[PDB]
Amino acid sequence: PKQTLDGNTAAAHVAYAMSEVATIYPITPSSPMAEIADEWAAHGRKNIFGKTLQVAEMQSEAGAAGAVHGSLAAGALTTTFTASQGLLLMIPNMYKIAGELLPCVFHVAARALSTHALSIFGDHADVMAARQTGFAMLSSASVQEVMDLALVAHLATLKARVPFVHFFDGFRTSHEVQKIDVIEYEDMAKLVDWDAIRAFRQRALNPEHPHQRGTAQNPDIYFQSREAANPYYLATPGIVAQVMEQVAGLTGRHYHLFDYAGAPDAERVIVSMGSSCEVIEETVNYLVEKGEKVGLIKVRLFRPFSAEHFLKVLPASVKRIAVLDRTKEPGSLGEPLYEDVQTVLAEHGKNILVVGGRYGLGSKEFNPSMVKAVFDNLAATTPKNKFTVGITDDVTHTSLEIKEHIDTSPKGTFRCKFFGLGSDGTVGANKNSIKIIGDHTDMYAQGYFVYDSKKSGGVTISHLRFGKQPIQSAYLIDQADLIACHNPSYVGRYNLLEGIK
Amino acid sequence: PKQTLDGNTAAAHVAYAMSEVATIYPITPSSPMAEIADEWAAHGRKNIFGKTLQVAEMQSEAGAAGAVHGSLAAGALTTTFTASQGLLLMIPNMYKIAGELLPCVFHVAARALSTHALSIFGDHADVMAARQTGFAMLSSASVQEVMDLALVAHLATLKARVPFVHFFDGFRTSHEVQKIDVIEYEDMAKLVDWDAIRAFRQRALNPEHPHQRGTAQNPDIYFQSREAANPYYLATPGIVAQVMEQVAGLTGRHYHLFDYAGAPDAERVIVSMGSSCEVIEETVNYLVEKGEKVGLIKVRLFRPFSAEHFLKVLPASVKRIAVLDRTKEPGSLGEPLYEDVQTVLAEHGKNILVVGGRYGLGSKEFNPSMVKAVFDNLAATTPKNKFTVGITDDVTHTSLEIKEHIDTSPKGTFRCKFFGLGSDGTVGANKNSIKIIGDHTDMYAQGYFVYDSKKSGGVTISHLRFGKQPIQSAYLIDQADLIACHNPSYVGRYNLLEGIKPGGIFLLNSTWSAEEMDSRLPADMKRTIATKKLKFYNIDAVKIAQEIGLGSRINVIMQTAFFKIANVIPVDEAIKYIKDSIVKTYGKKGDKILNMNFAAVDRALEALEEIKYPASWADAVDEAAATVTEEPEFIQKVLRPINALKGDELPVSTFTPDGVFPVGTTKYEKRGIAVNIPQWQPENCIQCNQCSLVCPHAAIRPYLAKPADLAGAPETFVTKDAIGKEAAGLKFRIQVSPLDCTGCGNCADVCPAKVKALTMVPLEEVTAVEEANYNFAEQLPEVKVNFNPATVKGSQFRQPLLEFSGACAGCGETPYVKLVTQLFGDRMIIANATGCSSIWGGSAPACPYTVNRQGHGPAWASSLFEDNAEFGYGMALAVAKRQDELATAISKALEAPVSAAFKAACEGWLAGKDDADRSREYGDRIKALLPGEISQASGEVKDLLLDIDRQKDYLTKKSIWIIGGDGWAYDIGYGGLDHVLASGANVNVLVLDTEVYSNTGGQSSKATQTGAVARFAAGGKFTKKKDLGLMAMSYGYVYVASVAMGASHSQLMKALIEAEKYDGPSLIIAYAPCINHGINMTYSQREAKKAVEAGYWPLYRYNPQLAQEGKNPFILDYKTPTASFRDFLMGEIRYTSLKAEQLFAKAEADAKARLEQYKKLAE
Amino acid sequence: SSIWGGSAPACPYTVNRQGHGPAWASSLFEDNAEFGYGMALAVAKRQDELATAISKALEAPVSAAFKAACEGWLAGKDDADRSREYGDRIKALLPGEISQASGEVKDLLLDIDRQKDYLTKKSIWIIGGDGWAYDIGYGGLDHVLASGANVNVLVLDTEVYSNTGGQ
Ligand SMILES: Cc1ncc(C[n+]2csc(CCOP(=O)(O)OP(=O)(O)O)c2C)c(N)n1
Ligand SMILES: Cc1ncc(C[n+]2csc(CCOP(=O)(O)OP(=O)(O)O)c2C)c(N)n1
Ligand code: SF4
Ligand code: SF4
Ligand code: SF4
Ligand SMILES: [Mg+2]
Ligand SMILES: [Mg+2]
């Protein structure tokens, strides 16, 4: 059926169905996943095993991670929800869970790490800090993809024995409300490898068929023992690809380890990950229709990085590539996705100019005008490398100049902004309006809400979209058809009518 | 000056001079840094600020990292030392320390991360997991570079405001002893940027010029604020380069961000990091001299990666590059350094074929032959990418072929190997020999020491090198000029003479004469001695030590024999240096002990005998090997080759992909290391089985048998009539396992008979007899007996499911765990924290946990040091879920057309699934009816029965046991332990309280008492012992008990059964005597008796069930002590070394206040 | 307490007329006790560096009134009231004492003036909620209390996770 959900609920919907245990510890913006899963169990929702999910809160995410390890090693399918500093505390146990080849899915609302300052907002800094744990990493770019790819990760991890991090952009996707196609629990159970679940049960710690795990090893066998898991990692791309085809036959939506969008003869291509892919594809449609030879490669399966599947969707006409990383590794030669793209192209002798940049740190806005600036830099005689987009770097001069303002929203999309007062009911009403419009029309409906740190009396700005076409606008509203001001004090204080058509 | 140090001491030397505060938490192999820094402070060593360094131990590396952050923000220069899992826990604060641009140096002895298995050994996995924190990363390749680059990091971080990780290869460099140039503290202070220090003080948190840091930021400014630190990272390469110029002018040793070595016109170049650079450069010199155009780029500054400094040292003729990473990122396109090199070369349009490989994981050997294999792969038509070196990967075929063996050791380098026994003095003497040679000659000196997993009686192999040229050989010795065997038992057991050069020296310690050599030495050893024309020397060092009065200590004797034949220095000079070291080691022992060691030197010179062997030894032929017994595949293919020191030859296809091991494999070891074993006196035995209870290795057990079963018994298998109404008509015998006994002597001390029924006799005299006795007792059939398991005697007739572990002789920990398996081992799951209990409980490839005749036994798992409570908590959730799935299928069977007896057993199980006895009774009934019930069913009903059979291993209720040491329970895992106890889950926590960190050598813990001396508490611990039991009692619904087996057997039995039957969280704090206490391990049980009698250790039981019955939950099991508290402290070295009087008085006052408080809770 | 206490760009902690007021820092959720513990060690180190320079001033040709305030401060550096009393006396005598000095004595007085912000004994306050003290940071809080350090821990017990909505 069609329902209006946010990313967190879409992920919890699938995680609840596919798991028996959930050991959790709350952290924004991932805790709504654990909260709504706790409510469903209290209301008696059954998973595909006919029972309610058991939610156990620990003293920290470190305690949660250790509990996952013990629950998995003893024979219970276990999931968890975390982000940012919480994901960091789980990293030590992630090495164990991957090392022991235990099926598992971590659902992460990717959030910035505390550096010069704390930030509750979204980027991939937390996920990138765990890219060496041996977990597989699957990125979903929209609420619909959170629904679909959460199922992919849960199905794939059972087959591959490699645990998965399924991550989606914090707030920008985790709190974005969208009308999506919801996959029935009965249909999930029809795709599960039940043989793989039973084999997982046979390996469990049990005194009636005992074993020892987690030994300490000398230099004589440790290296060999670490390489003994290579076949499982070599097989994980093909397993994910086949699981994606199962979902394709069920839903009609075709995912690949790497997806391509844009001109078949594109010469400038952006490689990106997460919700930025939505913004870029919307911009690419606008530019391709204008005659520009541009394209986009969406990274779904970040780890294991399959060179075969990346090159499979890279058009032969590509001469210049801009890679966008939603993270910062200070002092590094480049950010992770940029170094992956640079490496794979060198390993295959491709003469392609590759350039890397950073964007969207701490939920920094990333809109189509920034996407064109990235494309414009690829068209320059000397493209700027190691750049930034969305800020003005007047110290080290890394930022790209936003030359012109473009409006790439598909025509026929209604756009509304609502300026509200803290806890005056505006956000709640707009959510109900999205549900009303989504449930009773054929239109896609989208909602995103800008909050303040103050619990009472802050400014809230709701961004709502409705259209006959899928809404890929993972950015704030540019040209509003309707603007509502629910507080007379704002008149003369804020630029309410800014950008109204 | 020149001193012989290891990497850890070299690093601590600079860190101590440059720092005011050091907040630490111990972890191998980085903890020696914090230990020696604590010792220097204890003796008043001054840093460059004229003060002693303040060393503070935290509860974990997370607590250490937070303390570093706070100390830095408040204006103190602060350092720390860590590695591996410790570095992981510091990563969250590393983001903050870098984000706030605080000068700092983390010194890391790089160690592998715990994945499919724990590994204390060296690779870059830990450092690579932090490469995105914003710390700078500086790599040291040798002990000399640890000294130099530690200074570079401390100097550069003040100027750059970017904190540094200065890391060096764990063990391979941190524990490698080398003679190096040591930088004077006064010279360090002349290079320090004192303006940069003062500016750091001005930025400090201070109420007279306050500021705010660590704010929370919205999306509007967070990105810009994060990029504002770019100038500091852009400037760090130039700053590090300039500091390297300061150190160069002071020392003459020139470092660069990237250094090049090899042919100026090289076409094949290796890019690498750490001690591998030493091995590669030595190989490059050898190959370049032979005409090959090869080179090497050493990565010093890994972060920030400066493209300008990398390309400047890359020769223009390079066509092919192999990048070597000492880490593995599974599923990654490539490892980190390979991706950096590939990226930078692409950014500058270099047409260079780049290939990446992995090496040296977990201290895997990386020698010149492997280096050439990497160079040969660059010379192939199609170089293999994503390769491995040092292993045979027959599954995924990533390993490079080691074609030929090369010797790249510089000519004139002397090479020696010493095969020693655990704690026989060999390693200590070799360290002293390196100090002697380094201090008194112009030669470079190098030492590396290979240790064993066995704590007592293990094999040690020392690797020593001396030469006129710098020693870059960061690998084991291949061709030895001299080989010494300090244990004659190794003759015929290990390949001692492997790779010895023709005409080399073989020194042997044995009582065998030249004529007995023909019969005692194996044929292969005689062949090597003759063909290579070795100088064979022998010495009866034990005879010398006996006659002088030194007992069996041969360390001084064997060291004297080495210098006598090695021809490394003048023999007369060596004798003086040895006696000078004897004065330094035995000067405080007394005048009598001194002259005995002087006599050891003198007599050792005259007793060394050259063995004139016949030339016909070269033609000797191996004797026909006996018909070997058919052993299981794992024992034959895995365990034997590993114990034969051949585990490196095992290919990848040998191992499971997830680190899963079988149980019950220690019974194949049969080490036979005991000097004395208990001999049973049948006439004095009262059949009490207390000897079986206290044995730390389950080497002595009682055996019952019907008289018919004693048919094929040897004549020496003397038995006695069985005492007790349960064993009427049976025979009784106390039998010892001679090859598994350790000779500790606890069983003879516990034997309560009038005349001792167990007497210690030498093993060799009775070994042939008792082996036949044990082999018959072990094959005896099972005897159904109705002895009460709640008694000491009745529990010991149950089979021990923990046997023959690697714990020390007389260990105070294993008897507790052994007893738990005898009570509930049939149905228990163990979550074991890192520590001693995980080392003797789970060191590959042998598992001391075993199964009974039905194949049932404890399932064992170890996760981390910090997560053990939550680890077992997760197990409890899963087991409950699996029992729920089983219960659902059984309830469906009630609606199915099945036999009435099946429904009767199903209803009985459903009503008692949560009771241990009832779930087994009705569970076993269902198992007996299942094969016949399935045969009589068909269709969907047959499937319903097949689903019950699929889950029949959850009918019996399980017993979750969370086992760990006091360091886990009181410190790093206390927060998790507190939460699991508060949760109310039905888990049983067993804390083996040794009051120290026993595994890592004896560091301080919160369980350490007042006045006790341990590492990080050199002057004695001032604060009293934290009362873990008292805090757990505050919840009220937690079963808490304090036990001590040596003090009261019945109190231990009572608390264990009460804790396990309690439907809730249970905490057992067990007093575990340890070798670190400084006591005679023969009387380990007796020391626990004096502990309770002196008020040092309490015995109580807190039962929440008594509160619901209207009774007092707290029961004080020992109210009035009869022994002196001050006298118990005098019986352990850990308290006598303080003599100081103020701490003894404080310890007694705390014991009286704790005892009086327990009287208040009971009254 | 960190959201209303330290959300950029506004800081609610302020200074008095002399410009003195609480210095505020937030590290992580789990490390706050050990965080403040490290601050306590550092401040003690900074007072020791100042106290060493003041003892050298007793051995220097400086005014008798300057030596009297130094002896009073050295005797009361660990008391809040006494360290402020003699500390402010040193601050009042420093500009005139530096004016009458030269050479190494002038450098020694300038070194006192460089560290005069540690004359008054500091008061370390470790502030956090019940979620920090009872759960994620309890192990660190337990250790810092057991250490015996002179720190002041303030647990704002709301009996819930107030910031994150009430968990
Ligand atoms: C996070 C982490 N820090 C440090 C270590 C190193 N380490 C393992 S066990 C141990 C001490 C064990 O002490 P205890 O818990 O008392 O067990 P015991 O050896 O005394 O029986 C240490 C320091 C580690 N494995 N992980
Ligand atoms: C490692 C980590 N885990 C979780 C979080 C999310 N988080 C921050 S504060 C907080 C709860 C605050 O509770 P409390 O300590 O009682 O303070 P209060 O807001 O109620 O005053 C949580 C769950 C985090 N920032 N870091
Ligand atoms: S001497 Fe020690 S190891 Fe040997 S049987 Fe007796 S208690 Fe066991
Ligand atoms: S302790 Fe002595 S009396 Fe008791 S069973 Fe053992 S040998 Fe017999
Ligand atoms: S606890 Fe002590 S006696 Fe037991 S194995 Fe460890 S070091 Fe040896
Ligand atoms: Mg201990
Ligand atoms: Mg609170």
# chains A, B, ... in the order shown; residues from 1 in each chain; ligands from 1
$ residues_near_ligand --ligand "ligand 6" --cutoff "6 Å" --atoms "only C-alpha atoms and all ligand atoms" --output "count of residues only"
9
$ residues_near_ligand --ligand "ligand 2" --cutoff "9 Å" --atoms "only C-alpha atoms and all ligand atoms" --output "PDB file with N, CA and C atoms, in the first residue's frame"
ATOM      1  N   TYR A  25      20.262   1.989  22.184  1.00  0.00           N
ATOM      2  CA  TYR A  25      20.563   3.112  23.056  1.00  0.00           C
ATOM      3  C   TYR A  25      20.253   4.333  22.199  1.00  0.00           C
ATOM      4  N   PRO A  26      19.520   5.311  22.720  1.00  0.00           N
ATOM      5  CA  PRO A  26      18.999   6.379  21.858  1.00  0.00           C
ATOM      6  C   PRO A  26      20.044   7.431  21.517  1.00  0.00           C
ATOM      7  N   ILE A  27      20.034   7.866  20.254  1.00  0.00           N
ATOM      8  CA  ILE A  27      20.818   9.024  19.837  1.00  0.00           C
ATOM      9  C   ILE A  27      20.187   9.654  18.599  1.00  0.00           C
ATOM     10  N   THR A  28      19.995  10.967  18.649  1.00  0.00           N
ATOM     11  CA  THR A  28      19.473  11.702  17.508  1.00  0.00           C
ATOM     12  C   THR A  28      20.463  11.613  16.348  1.00  0.00           C
ATOM     13  N   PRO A  29      19.989  11.466  15.099  1.00  0.00           N
ATOM     14  CA  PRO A  29      18.590  11.338  14.681  1.00  0.00           C
ATOM     15  C   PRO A  29      18.138   9.901  14.423  1.00  0.00           C
ATOM     16  N   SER A  31      17.276   7.672  17.058  1.00  0.00           N
ATOM     17  CA  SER A  31      16.409   7.159  18.112  1.00  0.00           C
ATOM     18  C   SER A  31      14.936   7.040  17.722  1.00  0.00           C
ATOM     19  N   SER A  60      24.669   2.230  27.099  1.00  0.00           N
ATOM     20  CA  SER A  60      25.317   3.011  26.053  1.00  0.00           C
ATOM     21  C   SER A  60      25.256   2.200  24.767  1.00  0.00           C
ATOM     22  N   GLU A  61      25.709   2.818  23.675  1.00  0.00           N
ATOM     23  CA  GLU A  61      25.776   2.088  22.418  1.00  0.00           C
ATOM     24  C   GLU A  61      26.875   1.033  22.451  1.00  0.00           C
ATOM     25  N   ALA A  62      27.900   1.231  23.282  1.00  0.00           N
ATOM     26  CA  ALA A  62      28.895   0.183  23.480  1.00  0.00           C
ATOM     27  C   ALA A  62      28.253  -1.052  24.102  1.00  0.00           C
ATOM     28  N   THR A  82      21.537   3.398  15.359  1.00  0.00           N
ATOM     29  CA  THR A  82      22.542   4.255  15.969  1.00  0.00           C
ATOM     30  C   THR A  82      22.963   5.322  14.967  1.00  0.00           C
ATOM     31  N   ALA A  83      23.908   6.158  15.392  1.00  0.00           N
ATOM     32  CA  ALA A  83      24.427   7.263  14.597  1.00  0.00           C
ATOM     33  C   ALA A  83      25.563   7.926  15.363  1.00  0.00           C
ATOM     34  N   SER A  84      26.443   8.585  14.608  1.00  0.00           N
ATOM     35  CA  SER A  84      27.418   9.566  15.113  1.00  0.00           C
ATOM     36  C   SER A  84      28.215   8.953  16.265  1.00  0.00           C
ATOM     37  N   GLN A  85      28.291   9.613  17.425  1.00  0.00           N
ATOM     38  CA  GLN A  85      29.070   9.110  18.549  1.00  0.00           C
ATOM     39  C   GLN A  85      28.627   7.714  18.959  1.00  0.00           C
ATOM     40  N   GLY A  86      27.352   7.388  18.741  1.00  0.00           N
ATOM     41  CA  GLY A  86      26.880   6.050  19.042  1.00  0.00           C
ATOM     42  C   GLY A  86      27.505   4.998  18.148  1.00  0.00           C
ATOM     43  N   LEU A  87      27.621   5.290  16.849  1.00  0.00           N
ATOM     44  CA  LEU A  87      28.260   4.330  15.954  1.00  0.00           C
ATOM     45  C   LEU A  87      29.726   4.130  16.320  1.00  0.00           C
ATOM     46  N   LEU A  88      30.398   5.187  16.786  1.00  0.00           N
ATOM     47  CA  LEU A  88      31.797   5.070  17.195  1.00  0.00           C
ATOM     48  C   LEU A  88      31.961   4.062  18.325  1.00  0.00           C
ATOM     49  N   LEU A  89      31.095   4.133  19.341  1.00  0.00           N
ATOM     50  CA  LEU A  89      31.184   3.188  20.449  1.00  0.00           C
ATOM     51  C   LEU A  89      30.895   1.756  20.025  1.00  0.00           C
ATOM     52  N   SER A 114      31.397  14.736  16.579  1.00  0.00           N
ATOM     53  CA  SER A 114      31.750  15.892  17.391  1.00  0.00           C
ATOM     54  C   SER A 114      33.239  16.171  17.215  1.00  0.00           C
ATOM     55  N   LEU A 118      29.883  19.927  18.637  1.00  0.00           N
ATOM     56  CA  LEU A 118      28.879  18.884  18.477  1.00  0.00           C
ATOM     57  C   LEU A 118      27.885  19.289  17.395  1.00  0.00           C
ATOM     58  N   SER A 119      27.415  18.305  16.635  1.00  0.00           N
ATOM     59  CA  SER A 119      26.402  18.552  15.615  1.00  0.00           C
ATOM     60  C   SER A 119      25.483  17.346  15.545  1.00  0.00           C
ATOM     61  N   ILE A 120      24.183  17.574  15.770  1.00  0.00           N
ATOM     62  CA  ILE A 120      23.194  16.502  15.674  1.00  0.00           C
ATOM     63  C   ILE A 120      22.770  16.222  14.245  1.00  0.00           C
TER      64      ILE A 120
ATOM     65  N   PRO B  92      36.725   8.509  19.830  1.00  0.00           N
ATOM     66  CA  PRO B  92      35.798   9.643  20.001  1.00  0.00           C
ATOM     67  C   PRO B  92      36.464  10.906  20.524  1.00  0.00           C
TER      68      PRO B  92
ATOM     69  N   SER C   1      21.887  20.498  29.754  1.00  0.00           N
ATOM     70  CA  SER C   1      22.794  21.500  30.311  1.00  0.00           C
ATOM     71  C   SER C   1      23.816  21.969  29.285  1.00  0.00           C
ATOM     72  N   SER C   2      24.153  21.128  28.303  1.00  0.00           N
ATOM     73  CA  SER C   2      25.027  21.564  27.224  1.00  0.00           C
ATOM     74  C   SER C   2      24.270  22.259  26.103  1.00  0.00           C
ATOM     75  N   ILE C   3      22.965  22.010  25.977  1.00  0.00           N
ATOM     76  CA  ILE C   3      22.181  22.677  24.944  1.00  0.00           C
ATOM     77  C   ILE C   3      21.813  24.091  25.372  1.00  0.00           C
ATOM     78  N   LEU C  28      32.321  15.071  25.541  1.00  0.00           N
ATOM     79  CA  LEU C  28      31.404  14.076  25.014  1.00  0.00           C
ATOM     80  C   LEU C  28      30.333  13.783  26.055  1.00  0.00           C
ATOM     81  N   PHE C  29      29.420  12.885  25.694  1.00  0.00           N
ATOM     82  CA  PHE C  29      28.374  12.455  26.611  1.00  0.00           C
ATOM     83  C   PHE C  29      28.923  11.503  27.667  1.00  0.00           C
ATOM     84  N   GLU C  30      29.861  10.641  27.283  1.00  0.00           N
ATOM     85  CA  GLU C  30      30.313   9.542  28.127  1.00  0.00           C
ATOM     86  C   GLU C  30      31.545   9.868  28.968  1.00  0.00           C
ATOM     87  N   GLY C 128      26.384  17.647  34.765  1.00  0.00           N
ATOM     88  CA  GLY C 128      25.736  16.792  33.787  1.00  0.00           C
ATOM     89  C   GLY C 128      24.435  16.252  34.332  1.00  0.00           C
ATOM     90  N   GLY C 129      23.675  15.616  33.435  1.00  0.00           N
ATOM     91  CA  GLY C 129      22.375  15.079  33.773  1.00  0.00           C
ATOM     92  C   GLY C 129      22.440  13.663  34.321  1.00  0.00           C
ATOM     93  N   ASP C 130      21.256  13.138  34.649  1.00  0.00           N
ATOM     94  CA  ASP C 130      21.167  11.798  35.218  1.00  0.00           C
ATOM     95  C   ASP C 130      21.518  10.726  34.197  1.00  0.00           C
ATOM     96  N   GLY C 131      21.238  10.969  32.916  1.00  0.00           N
ATOM     97  CA  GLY C 131      21.628  10.011  31.896  1.00  0.00           C
ATOM     98  C   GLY C 131      23.129   9.834  31.809  1.00  0.00           C
ATOM     99  N   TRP C 132      23.878  10.931  31.965  1.00  0.00           N
ATOM    100  CA  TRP C 132      25.334  10.841  31.991  1.00  0.00           C
ATOM    101  C   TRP C 132      25.820  10.141  33.255  1.00  0.00           C
ATOM    102  N   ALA C 133      25.311  10.555  34.415  1.00  0.00           N
ATOM    103  CA  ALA C 133      25.840  10.069  35.686  1.00  0.00           C
ATOM    104  C   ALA C 133      25.399   8.639  35.988  1.00  0.00           C
ATOM    105  N   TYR C 134      24.175   8.269  35.618  1.00  0.00           N
ATOM    106  CA  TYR C 134      23.664   6.950  35.966  1.00  0.00           C
ATOM    107  C   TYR C 134      23.945   5.897  34.905  1.00  0.00           C
ATOM    108  N   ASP C 135      24.160   6.299  33.654  1.00  0.00           N
ATOM    109  CA  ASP C 135      24.253   5.330  32.570  1.00  0.00           C
ATOM    110  C   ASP C 135      25.582   5.384  31.832  1.00  0.00           C
ATOM    111  N   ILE C 136      25.650   6.204  30.781  1.00  0.00           N
ATOM    112  CA  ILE C 136      26.754   6.103  29.831  1.00  0.00           C
ATOM    113  C   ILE C 136      28.070   6.542  30.465  1.00  0.00           C
ATOM    114  N   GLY C 137      28.028   7.539  31.345  1.00  0.00           N
ATOM    115  CA  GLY C 137      29.214   8.045  32.000  1.00  0.00           C
ATOM    116  C   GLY C 137      29.412   7.573  33.422  1.00  0.00           C
ATOM    117  N   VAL C 155      25.037  16.624  39.647  1.00  0.00           N
ATOM    118  CA  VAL C 155      24.137  15.809  38.843  1.00  0.00           C
ATOM    119  C   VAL C 155      22.776  16.491  38.850  1.00  0.00           C
ATOM    120  N   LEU C 156      22.367  16.995  37.689  1.00  0.00           N
ATOM    121  CA  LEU C 156      21.038  17.572  37.515  1.00  0.00           C
ATOM    122  C   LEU C 156      20.102  16.415  37.197  1.00  0.00           C
ATOM    123  N   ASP C 157      19.474  15.868  38.234  1.00  0.00           N
ATOM    124  CA  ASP C 157      18.669  14.655  38.105  1.00  0.00           C
ATOM    125  C   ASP C 157      17.262  15.050  37.677  1.00  0.00           C
ATOM    126  N   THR C 158      16.955  14.850  36.399  1.00  0.00           N
ATOM    127  CA  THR C 158      15.593  14.985  35.905  1.00  0.00           C
ATOM    128  C   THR C 158      14.878  13.645  35.833  1.00  0.00           C
ATOM    129  N   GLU C 159      15.558  12.560  36.202  1.00  0.00           N
ATOM    130  CA  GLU C 159      15.041  11.194  36.216  1.00  0.00           C
ATOM    131  C   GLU C 159      14.627  10.695  34.836  1.00  0.00           C
ATOM    132  N   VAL C 160      14.986  11.422  33.776  1.00  0.00           N
ATOM    133  CA  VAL C 160      14.726  11.044  32.389  1.00  0.00           C
ATOM    134  C   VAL C 160      15.844  11.624  31.529  1.00  0.00           C
ATOM    135  N   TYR C 161      15.830  11.278  30.244  1.00  0.00           N
ATOM    136  CA  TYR C 161      16.666  11.961  29.257  1.00  0.00           C
ATOM    137  C   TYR C 161      15.875  13.164  28.757  1.00  0.00           C
ATOM    138  N   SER C 162      16.082  14.322  29.395  1.00  0.00           N
ATOM    139  CA  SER C 162      15.255  15.488  29.086  1.00  0.00           C
ATOM    140  C   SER C 162      15.536  16.015  27.686  1.00  0.00           C
ATOM    141  N   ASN C 163      16.809  16.026  27.281  1.00  0.00           N
ATOM    142  CA  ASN C 163      17.187  16.627  26.005  1.00  0.00           C
ATOM    143  C   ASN C 163      16.548  15.899  24.828  1.00  0.00           C
ATOM    144  N   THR C 164      16.616  14.570  24.825  1.00  0.00           N
ATOM    145  CA  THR C 164      16.205  13.774  23.676  1.00  0.00           C
ATOM    146  C   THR C 164      14.713  13.450  23.663  1.00  0.00           C
ATOM    147  N   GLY C 165      13.920  14.064  24.538  1.00  0.00           N
ATOM    148  CA  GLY C 165      12.478  13.919  24.505  1.00  0.00           C
ATOM    149  C   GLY C 165      11.882  13.136  25.653  1.00  0.00           C
ATOM    150  N   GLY C 166      12.702  12.503  26.488  1.00  0.00           N
ATOM    151  CA  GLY C 166      12.187  11.785  27.637  1.00  0.00           C
ATOM    152  C   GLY C 166      12.294  10.277  27.539  1.00  0.00           C
ATOM    153  N   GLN C 167      13.513   9.772  27.382  1.00  0.00           N
ATOM    154  CA  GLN C 167      13.744   8.336  27.344  1.00  0.00           C
ATOM    155  C   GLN C 167      14.124   7.819  28.727  1.00  0.00           C
TER     156      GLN C 167
END
$ select_by_dssp --residues "stretch 2-194 of chain A" --states "alpha helix (DSSP H)" --output "PyMOL selection string"
chain A and resi 7-18+31-42+61-73+85-99+125-128+143-160+185-189+194
$ residues_around --residues "stretch 624-635 of chain B" --least-positions-apart "2" --cutoff "10 Å" --atoms "only C-alpha atoms" --output "PyMOL selection string"
chain B and resi 621-622+637-642+654-655+661-662+665-666+668-669+845-846
$ interface_residues --of "chain A" --to "chain B" --cutoff "6 Å" --atoms "only C-alpha atoms" --output "ChimeraX atom specification"
/A:63,66-67,70-71,74-76,95-96,99-101,115-119,132,134,205-208,210-217,219-220,223-225,228-229,233,303-305,329-333,342-343,361-364
$ atom_distance --atom1 "atom CA of residue A:270" --atom2 "atom CA of residue A:152"
24.7 Å
$ residues_near_ligand --ligand "ligand 3" --cutoff "8 Å" --atoms "only C-alpha atoms and all ligand atoms" --output "JSON, numbers by chain"
{"B": [674, 676, 677, 678, 691, 692, 694, 695, 696, 697, 698, 699, 700, 736, 737, 738, 740, 741, 742, 743, 744, 745, 746, 747, 748, 760, 809, 810, 1082]}
$ decode --residues "stretch 15-23 of chain A" --atoms "C-alpha atoms" --output "CSV table (one decimal), in the first residue's frame"
chain,number,residue,atom,x,y,z
A,15,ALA,CA,14.0,-3.9,10.6
A,16,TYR,CA,11.1,-4.9,12.9
A,17,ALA,CA,9.8,-7.5,10.4
A,18,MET,CA,13.2,-9.2,9.9
A,19,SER,CA,14.6,-9.2,13.5
A,20,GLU,CA,13.8,-11.0,16.8
A,21,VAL,CA,16.0,-8.8,19.1
A,22,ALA,CA,16.8,-5.1,19.0
A,23,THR,CA,19.4,-3.9,21.7
